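Only one structure is covered here, and it is reproduced in the block below.
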Amino acid sequence: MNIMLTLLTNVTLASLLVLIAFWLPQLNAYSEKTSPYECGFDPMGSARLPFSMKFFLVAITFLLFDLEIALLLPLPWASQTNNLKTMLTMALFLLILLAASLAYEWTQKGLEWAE
Amino acid sequence: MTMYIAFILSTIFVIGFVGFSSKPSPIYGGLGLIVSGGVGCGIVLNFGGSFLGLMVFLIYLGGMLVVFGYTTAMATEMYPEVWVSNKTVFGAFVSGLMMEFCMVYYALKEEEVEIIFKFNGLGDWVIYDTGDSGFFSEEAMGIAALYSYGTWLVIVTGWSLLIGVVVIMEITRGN
Amino acid sequence: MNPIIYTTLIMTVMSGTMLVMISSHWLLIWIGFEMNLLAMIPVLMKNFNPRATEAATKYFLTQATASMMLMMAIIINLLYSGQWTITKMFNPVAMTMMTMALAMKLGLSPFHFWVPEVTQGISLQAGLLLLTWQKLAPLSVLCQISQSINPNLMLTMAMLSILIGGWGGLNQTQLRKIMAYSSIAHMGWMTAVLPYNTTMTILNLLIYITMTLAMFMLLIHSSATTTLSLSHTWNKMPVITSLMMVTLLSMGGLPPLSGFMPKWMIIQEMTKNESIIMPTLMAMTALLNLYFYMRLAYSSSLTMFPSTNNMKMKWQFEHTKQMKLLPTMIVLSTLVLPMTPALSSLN
Amino acid sequence: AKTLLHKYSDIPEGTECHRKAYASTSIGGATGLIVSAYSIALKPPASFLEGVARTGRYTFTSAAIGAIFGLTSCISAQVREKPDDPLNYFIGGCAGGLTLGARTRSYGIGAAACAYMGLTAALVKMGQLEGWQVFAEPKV
Amino acid sequence: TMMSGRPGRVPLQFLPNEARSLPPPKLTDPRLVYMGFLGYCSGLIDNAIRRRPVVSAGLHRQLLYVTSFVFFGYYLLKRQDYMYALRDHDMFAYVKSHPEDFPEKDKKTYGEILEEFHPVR
Amino acid sequence: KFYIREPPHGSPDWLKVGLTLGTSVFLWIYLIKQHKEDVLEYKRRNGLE
Amino acid sequence: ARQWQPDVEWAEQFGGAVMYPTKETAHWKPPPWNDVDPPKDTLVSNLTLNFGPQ
Amino acid sequence: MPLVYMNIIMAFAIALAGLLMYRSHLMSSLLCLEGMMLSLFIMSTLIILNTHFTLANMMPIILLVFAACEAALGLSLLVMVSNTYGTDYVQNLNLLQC
Ligand SMILES: CCCCCCCCCCCCCCCCCC(=O)OC[C@H](COP(=O)([O-])OCC(O)COP(=O)([O-])OC[C@@H](COC(=O)CCCCCCCCCCCCCCCCC)OC(=O)CCCCCCCCCCCCCCCCC)OC(=O)CCCCCCCCCCCCCCCCC
Ligand SMILES: CCCCCCCCCCCCCCCCCC(=O)OC[C@H](COP(=O)([O-])OCC(O)COP(=O)([O-])OC[C@@H](COC(=O)CCCCCCCCCCCCCCCCC)OC(=O)CCCCCCCCCCCCCCCCC)OC(=O)CCCCCCCCCCCCCCCCC
Ligand SMILES: CCCCCCCCCCCCCCCCCC(=O)OC[C@H](COP(=O)([O-])OCC(O)COP(=O)([O-])OC[C@@H](COC(=O)CCCCCCCCCCCCCCCCC)OC(=O)CCCCCCCCCCCCCCCCC)OC(=O)CCCCCCCCCCCCCCCCC
Ligand SMILES: CCCCCCCCCCCCCCCCC[C@@H](O)O[C@H](CO[C@H](O)CCCCCCCCCCCCCCC)COP(=O)(O)OCC[N+](C)(C)C
Ligand SMILES: CCCCCCCCCCCCCCCCC[C@@H](O)O[C@H](CO[C@H](O)CCCCCCCCCCCCCCC)COP(=O)(O)OCC[N+](C)(C)C
């Protein structure tokens, strides 16, 4: 309830700021002023053309490493279990495999960007 | 019928699914799925699953960042399509919207079977539990039991993640 | 690919299948399917080319959609009964969703389209794996829930599979597509008897796997992927072509060969019920599979096709690495009909 | 679904040829519509209007076949005073086959469809009388 | 299906303890001889595929083929016989415990039953 | 004659021949003993001998 | 005198893309001998950037 | 059954149809797959939250993990397809036609 009111207040304040910024000043837009910005001249191609991604392999690994966070965040609560020896074995197992996966991608030159 | 908040959130969930279901460019499909993830986080917050909602929101935010990178790299065109820039995309979008509205109308007005069996509505507050117990939270204890009870699940999941890293390496090797 | 990584991937595929077989929990069966797919995708792409990438992509999309449907069926069953155990499948809508998900994982018609394309696009080793080992887990799950299975839907899909495999196989010149269509027809034969007796399903599965292993191993021994490349084999390996012809006859289902036994048992089991029309249609349709098997036998063993001059150089070299169990698979694929009553050790 | 087939079967064999013909043409229209859906899915027509043309062609052919079959079978059953006989179904099946041959404008298709549809309809009638099951329930 | 779930059954036994109260198949059983024949055929096909003298190339490996097939066949036959014995035991017990479903009908002689006669002409 | 001497030896590979014959003999002896034990056990259970 | 055995004309009817050539599939081509299609010489389009003067 | 269950199931059906229908870019199909994961997660969480089953609170986590595995697999395949053809268009994946 209060978080909804807070979010609404923040979004409304930002929107009113945009509205003020767009309706208070004197607008004079003509074709040359709104043209795309290159440093001095006109662009050759488009900004919508494909832009090659040299770290594409690290990005996919980020998805798999991100989900290893969902497995480790309940660890503060798991420390309150009675049988700590099986919990600590499983928590360390979950991090050794995460370390071994990082080591594997490192040694196979997976962490290097495409040249 | 009490402030309709769960109803509104689920309706926005379906609207976002229709938005990205239309396939009106990856950049906007990612926006639609992000909106759906946020409203789903809210839906499961309203039922007491705060950890699960926050975590799924976080996971999908990361995934959609990766998808945005990949869309600018390999899934782009000269004129990316928005929901009103193409007849097929707009038609699918409005068809999904009208289907959602139609099933909502035929559910709120009459209790007639759609696919599985006819429901009631009445507000999803009716089916709650009156549960007065605990100085802990049930969801957090259940999730934390992944290390004390779910040894087998941890083993299979960790193996799958290591294998997935190896698999992406092998697939993108090339040659 | 590194041999260690390849062995790890193959063992991960096998461990996913075993996890599907040994699990009593629906979530664990789903995890087994997902692990199987995750490790299976690179194996199809072991030899890299655009066709292998296409096959991997199509296979991934089909299996991912099937996994979606399977998880949705599990969740609906949980909603209508808070049960996680693989059992009678208390909800019928969830049961229909599960049946279509598993059928599309198997390649049963009308979901059969992916199989010919994926088999043609990969090598013979990956094709062997796909057409033999990847059928065990969906069939195991289908066997476990055959009591709640709907006869009208399953039998419709089985008859459709038999018809489509028989018809599609007639048009094919490539060997991998022929094997895929024969696989679809055999899948239909397996799933037709599933609501009546799962022992017959397992028997047909074992016989089909033996014949398929023999046929792929023969096609790997003689490096042939088309009809005319196999037409050359008689000028280098006549014994291989003769064994292949006998294996093809066995695949057709003509007695006294091993192939005849599974259909014979399925027909008997169906006629123990009322079920008279459908076995008759199944046999008359398996005639088509026999026809294109005979076309292959005519092109490869019963006639001698023209050869090339460079075969004289191949005449001087031996087959370097010999696959083990090829002799055993041939014998089990032909001369096992007299041991038919031993199927009682399967229930 | 099968409610169409119940509305067809709930009518006695030799009564109300109009209602039986309506049910038969409904079944035919449903079958042709399904065939059109699969044909459009697998073989696109390159334009929306050509697709609706193909759908209408297939649906009309199937509906005409079904209507002719039902009307002829019912009329034959009632004029001959012999219901529970597969000959009426055979006559209806050949009439439907002739209708298909006229729709495709071919004598060979017409004769083949006559023979095969008549045989199929006679077998369906025999199965109704005797109790043959296409999809037998597991009983053992 | 029918035999998958039964009371008191060990999952992966392949040969329960109650199977030892059955007569073992004789070593000269014709099915065992057929298994040995299958082993001999496998050995001959192995010789022919590898381009070796089919009848005489490898005697030790042919002997290993034959004995392996016989060895597997013996236990296969034991399990086959055990499962058939279980089937008959269960069927007889079910017949005995449900008398009203399997009643002994009255014995009639052919002098009393009236069979219609169909002449051949 | 052969240009190279065909790595499968011109004499028998005595190691492989040895363990192949050994496993054949072991399998036959084990099968005989299993059969005798089964016969005695069956006669003991059924009150025959 | 000698038994008839297939010739090139006979063998070429099993060498097409499919059996039973039709109007639609007449322009299909059989796959490459090794299952490696030639690399499509895709024109690479780099990004062209004005770096300066401003 | 509540009405929020209708909304979640309709979301799943919409995502399934969106996946089934293919337009041009492969990326959009992977988006539909990930949406189907999202809907399955929400449905499982709601059912699990409603009837107080404590030990199944972890299965949505495993569901998300294997969802990420599928997403990575699809992204790798899309990388290779785009490298081969320069676009992620499904129209190019037609070599296995013949
Ligand atoms: C929980 C389990 C359940 C899960 C499933 C639940 C599903 C329901 C929820 C779905 C909600 C929708 C939200 C988003 C959907 C995504 C759509 C999308 O991504 O579009 C991609 C897709 C790709 O488009 P594109 O590649 O970007 O553009 C290139 C051109 O499209 C193509 O290039 P072109 O122009 O060169 O091609 C020629 C032209 C050719 O155009 C045509 O040929 C179409 C003309 C067909 C005529 C229809 C029959 C007319 C008369 C029938 C009368 C009915 C009974 C009346 C009495 C009998 C009358 C005689 O275009 C086509 O080829 C399109 C053909 C495909 C049509 C749509 C396929 C839907 C199913 C197949 C229907 C086949 C119709 C036959 C009859 C069916 C039975 C009635 O877009 C389209 O296919 C176009 C239409 C899309 C807009 C509508 C989509 C909504 C359909 C959803 C399911 C249908 C209703 C389900 C309700 C079930 C009850 C609850
Ligand atoms: C097992 C032992 C051996 C058995 C095997 C051998 C025997 C069986 C196989 C041989 C016969 C079966 C062949 C089937 C028909 C083939 C048609 C065909 O292939 O189409 C392509 C073929 C050419 O393809 P197209 O490009 O589309 O046509 C261009 C034409 O060339 C251009 O033509 P057009 O422009 O110059 O003129 C076309 C037009 C103009 O027509 C003509 O040009 C000439 C007239 C031909 C037919 C009209 C009948 C006039 C003569 C009959 C007089 C009485 C006969 C004796 C009966 C009483 C016995 C005392 O045709 C019509 O309109 C005729 C409509 C049909 C009415 C006939 C109704 C006969 C029903 C049977 C009643 C009696 C059953 C026996 C009961 C006995 C009990 C004791 O079509 C034709 O040319 C033939 C059309 C004429 C139909 C002849 C069929 C009548 C023979 C009896 C059939 C009954 C046997 C099977 C029973 C089930 C059948 C429903
Ligand atoms: C029911 C009752 C029992 C019947 C059971 C079934 C039949 C018997 C078992 C079958 C399996 C056993 C053997 C299979 C492997 C053999 C392969 C082979 O090629 O053999 C070559 C070999 C001769 O080669 P070699 O001496 O090394 O030097 C010449 C070159 O190797 C020459 O090499 P190459 O490169 O010049 O060879 C080229 C030739 C090579 O092509 C072939 O030889 C065909 C290979 C046979 C296929 C077997 C597939 C699996 C078996 C299925 C049988 C189906 C039966 C059901 C009915 C349907 C019929 C298909 O290919 C062609 O020229 C093209 C011709 C195309 C014709 C298409 C028809 C072929 C399939 C017919 C199979 C029918 C069964 C044949 C059985 C015997 C065949 C050898 O033959 C033999 O010497 C073995 C014969 C049996 C030995 C037994 C002797 C033991 C001691 C005798 C005394 C008995 C007890 C003593 C105690 C008494 C007290 C005193
Ligand atoms: C028998 C032959 C096996 C051959 C196949 C090997 C392949 C699988 C690998 C090993 C098998 C895993 C079985 C483990 C099942 C877990 C259950 C059992 O082990 O007890 C657990 C014992 O915990 C141990 O930690 C087991 C795990 C130790 C093994 C570490 C992981 C290494 C496995 C190798 C595969 C992983 C892939 C990556 C390689 C490093 C928990 O005991 P406990 O807590 O009292 O009771 C909990 C119930 N409460 C709540 C009522 C109290
Ligand atoms: C051409 C024939 C193909 C044969 C295929 C290969 C032949 C060799 C088979 C390999 C033998 C080892 C397998 C198992 C040995 C020990 C493991 C033991 O535990 O298995 C038990 C019992 O062993 C196996 O179940 C039976 C294997 C017997 C295979 C031979 C039968 C072949 C069918 C008839 C064709 C004739 C073949 C003649 C020999 C070539 C399992 O009991 P259960 O947990 O309760 O079963 C669960 C699944 N059920 C209930 C649905 C069946």
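What's counted below: heavy atoms across the whole structure, side chains too, no hydrogens, waters or symmetry copies. Below, chains carry the letters A, B, ... as their sequence lines are ordered, and counting in each starts from 1.
The CE atom of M80(H) lies 10.0 Å from the CZ atom of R173(B); values are rounded to the nearest 0.5 Å. Distance check, rounded to the nearest 0.5 Å: CG of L55(H) to OH of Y149(B) gives 6.0 Å. Taking OG1 from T87(H) and CD from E77(B), the interatomic distance works out to 10.5 Å, rounded to the nearest 0.5 Å. The distance from the CE atom of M10(H) to the CZ atom of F13(B) is 13.5 Å, given to the nearest 0.5 Å. How far CE of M55(B) is from OG1 of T45(H): 13.0 Å, rounded to the nearest 0.5 Å.
Interface residue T11(B): backbone and side-chain heavy atoms are both found under 4.5 Å from chain H. When heavy atoms are compared at a cutoff of 4.5 Å, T51(H) does not approach chain B at all. Only the side chain of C69(H) comes within contact range of chain B, with at least one heavy atom under 4.5 Å from a heavy atom of that chain. For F66(H), the part sitting under 4.5 Å from any heavy atom of chain B is the side chain, from C-beta outward, and nothing else. Interface remark: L26(H) contributes no atoms to any contact with chain B (heavy atom separation under 4.5 Å). Using a 4.5 Å cut-off between heavy atoms, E81(B) touches chain H through its side chain atoms alone. In this structure, no portion of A71(H) lies under 4.5 Å from any heavy atom of chain B. With a 4.5 angstrom heavy-atom cutoff, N86(B) touches chain H only via side-chain atoms. Using a 4.5 Å cut-off between heavy atoms, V154(B) makes no contact with chain H at all. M59(H) does not touch chain B: none of its heavy atoms, backbone or side chain, sits under 4.5 Å away. When heavy atoms are compared at a cutoff of 4.5 Å, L38(H) approaches chain B by way of both its backbone and its side chain.
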Handout entry: Working for side chain to side chain contact (heavy atoms under 4.5 Å, CB included), residues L31(H) and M64(B)
Key = CA-CA 9 Å; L31(H) 278 168; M64(B) 272 315 116; 3.6 Å; yes
Practice task
Report the C-alpha distance between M37(H) and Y60(B) in whole Å, list the side-chain angles of each, state the deciding distance to 0.1 Å, and finish with yes or no for side chain to side chain contact (heavy atoms under 4.5 Å, CB included).
Solution key: CA-CA 10 Å; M37(H) 292 295 174; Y60(B) 265 78; 3.4 Å; yes
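The shortest side-chain heavy-atom distance between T157(B) and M58(H) does not fall under the 4.5 Å cut-off. Side chains of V65(H) and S160(B) form no contact here, defined as non-hydrogen atoms less than 4.5 Å apart. Between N7(H) and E100(B) there is a side-chain heavy-atom pair separated by less than 4.5 Å. Considering only heavy atoms from C-beta on, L3(H) comes within 4.5 Å of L108(B) through its side chain. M74(B) places none of its side-chain heavy atoms less than 4.5 Å from the side chain of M27(H). Two residues are said to be in side-chain contact when any heavy atoms from C-beta on lie closer than 4.5 Å; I171(B) and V79(H) fail this criterion. For the pair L146(B) and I62(H), the minimum side-chain heavy-atom distance is below 4.5 Å.
Contact count against chain H (heavy-atom pairs under 4.5 Å) is highest for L52(B) among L52(B), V44(B), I168(B). Considering only heavy-atom pairs separated by less than 4.5 Å from chain B, the leading option among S29(H), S39(H), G86(H), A67(H) is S39(H). Ranked by heavy-atom pairs under 4.5 Å with chain H, the first of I163(B), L9(B), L33(B), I59(B) is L33(B). Interface summary for chain H: among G164(B), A73(B), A145(B), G48(B), the most heavy-atom pairs under 4.5 angstrom belong to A145(B). For chain H, the option among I143(B), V56(B), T172(B), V104(B) with the highest count of heavy-atom pairs below 4.5 Å is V56(B). Residue with the most contacts toward chain H among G142(B), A140(B), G30(B): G142(B) (heavy-atom pairs, distance under 4.5 Å). The most heavy-atom pairs under 4.5 Å with chain B, out of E34(H), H25(H), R23(H), come from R23(H). For the set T88(B), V89(B), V167(B), the entry with the most heavy-atom pairs within less than 4.5 Å of chain H is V89(B).
Closest of all the heavy-atom pairs between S28(H) and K23(B) is CB-CG, 3.2 Å. Scanning all heavy atoms of the two residues, the minimum distance from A11(H) to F17(B) falls at O-CD2, 3.1 Å. Scanning all heavy atoms of the two residues, the minimum distance from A75(B) to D88(H) falls at CB-OD2, 3.4 Å. Nearest approach of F20(B) to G35(H), heavy atoms of both residues: CZ-CA, 3.6 Å. Of all non-hydrogen atoms in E138(B) and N57(H), the two that sit nearest each other are O-ND2, 3.8 Å. Listed here is the closest heavy atom pair of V4(H) and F47(B): CG2-CZ, 4.4 Å.
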